[PDB]
Structures are given as structure tokens and as C-alpha cells.
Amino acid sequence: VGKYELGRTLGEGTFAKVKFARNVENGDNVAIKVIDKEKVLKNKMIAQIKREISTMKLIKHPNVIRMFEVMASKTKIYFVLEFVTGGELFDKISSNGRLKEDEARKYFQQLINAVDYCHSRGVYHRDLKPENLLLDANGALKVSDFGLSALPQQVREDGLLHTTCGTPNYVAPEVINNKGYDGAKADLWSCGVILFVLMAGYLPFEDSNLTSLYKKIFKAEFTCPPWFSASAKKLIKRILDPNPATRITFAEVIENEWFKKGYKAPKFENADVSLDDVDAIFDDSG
């Protein structure tokens, strides 16, 4: 299909499937997702779906996985996604334990900047897990599934393995308990847990008793290990505020004492330019 030469099938689900591919014009590893078109169009959120996908198509951030192309047929939608080869960020933990504070703060800086930027373009992840933190060959963080995470659950089951150690930890209490919730505050909770794990080497909420586990999460009862600095612990407790109404904002995190150390904000540009054929994103075109 088009610019892309197909490789093996990575995953094959009921309403979606994923194939390996390369760009015959530049040599880039990509993946291509193919999903049932009417499954998306039927969905109640379609107007938001179209808007977020349209936006992500345009977004170029050095720490966000590129969505190169969105194409449709009469029955399918095709997403072409950047494929990186550095593996998962959490691989570093499984093999050498906790990261040093300065290395954890760096990846956190890249994550907070990428997430914040997507938010400022009106795109919220809402399902941020360690498996979305990828690395490129040069060890730069690449966050996946912005925009795609908006898709209905049945096309999110694309035949690939999605497994997370300690799933409930990454889900904010309001997302666990309520139908609706603030996207930015939910993503920030996930980011906060991700930082805890990077710096501690283990999850902040552990308990074999599920009732005790979820009680802990709803009161944000957890303990920072003794090697966390005073300033790192203060930031993590404001981020892992169980009330989304009082939880710190992204702007306040970016202005925080600890976060600013060694923080040189990334310099990049994008236009590309914005969204004037939005409702036709999934329109058939050979």
C-alpha cells in the first residue's frame, strides 16, 4: 500500500490488525494498523476521535511517536506509525534496578514536556502505561498511542500483547471511580506513578488484598523510599494527590524546583498546518 512495503503480521485481532512495514522512499521502520471503518464511525465519540487523530497526524514532537499517515477505504482505516528500535524504558529497571535520580529526572522531563504539548493541542492520552514509553536507538523517550488511545476498545484490541505490571497503579482514583474525568489530571497521575517507579524500582501501591489495595490508591497512601530527596518527594506527593480538583497542574510541575534542574526545554517547530479538513479524516481516497 502506497509508500510502504509490507512485512510480517505483528498482531491480528478481530476488528484490527497490525503489520510490519518499511518506507521504500526513505528506509524507515513503521507499523501499519488496519481497522474496521464502521466500528469507528458508529462510535458516539467519533467527533472527538476525528479531532484527536487529525491533530496527532500534524504533531511532531521529538518525544512523541509519529503518526505518519491516516488513510481510509470503503471499509478500513489505515494508520502508519513510527516504529522505534530502542525498546521499552522500563527494560532498564528489570535489568539494572532503579535509575539514578538525574537519569530519572531526564526521562521525566521528556515525558512531562511531550504530554504537556499534546495537551496544549487538545490531545489527552488517558491510558498512559509503562508500555507506552519507548526508546529510540539514541535513548530518547518516545511516547506512543496519543490519539489512538481515543479509539473504541474493540479496535484497540489489535492482536498485539498489552500487559502492564501493576495496572491499577497507573490509573488515577477518579478514572477508576467515575465515568467522566479530566484528561490532563489523569495523565499527570500516570506520569507521577511512572516517576515513582523509575526512582524507586517498584510500585507505590502494593497489597495482596484488593480492597486494601484500592483503599490505598483512593487515599494515595504510599511511602517514598529514604533515597528520594526532600524536593523530589514533595513533588511526587503533590502529583499523586488523589483529588483531581486539587492535584497540581502541568504548569506548576514545569515551574517546580526539582523539575527545573538540568531542564533545557526542547526547541522544535510545527504547523503543519492546522486542521481544515477534519471531518474528512476517515474519508475514502485512493
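One-based numbering along the sequence shown.
In this entry, 266-274 has the higher mean Cα B-factor, the comparison being between 266-274 and 5-13. Note on 167-175 vs 78-86: mean CA B-factor is higher in 78-86.
By the numbers in the PDB entry, the CA B factor is greatest at 28 among 252, 241, 221, 28.
The PDB entry assigns the greatest CA B-factor among 186, 197, 104, 137 to 137. Annotation for residue 247: CA B-factor lies in the lowest third of the chain's modelled residues. In the deposited entry, the Cα temperature factor of residue 132 sits in the bottom third of values across the chain's modelled residues. The entry lists a Cα temperature factor for residue 144 that places it in the lowest third of the chain's modelled residues.
The deposited CA B-factor of residue 99 belongs to the middle third of values across its chain. Sort the modelled residues of the chain by CA B factor and residue 73 lands in the highest third.
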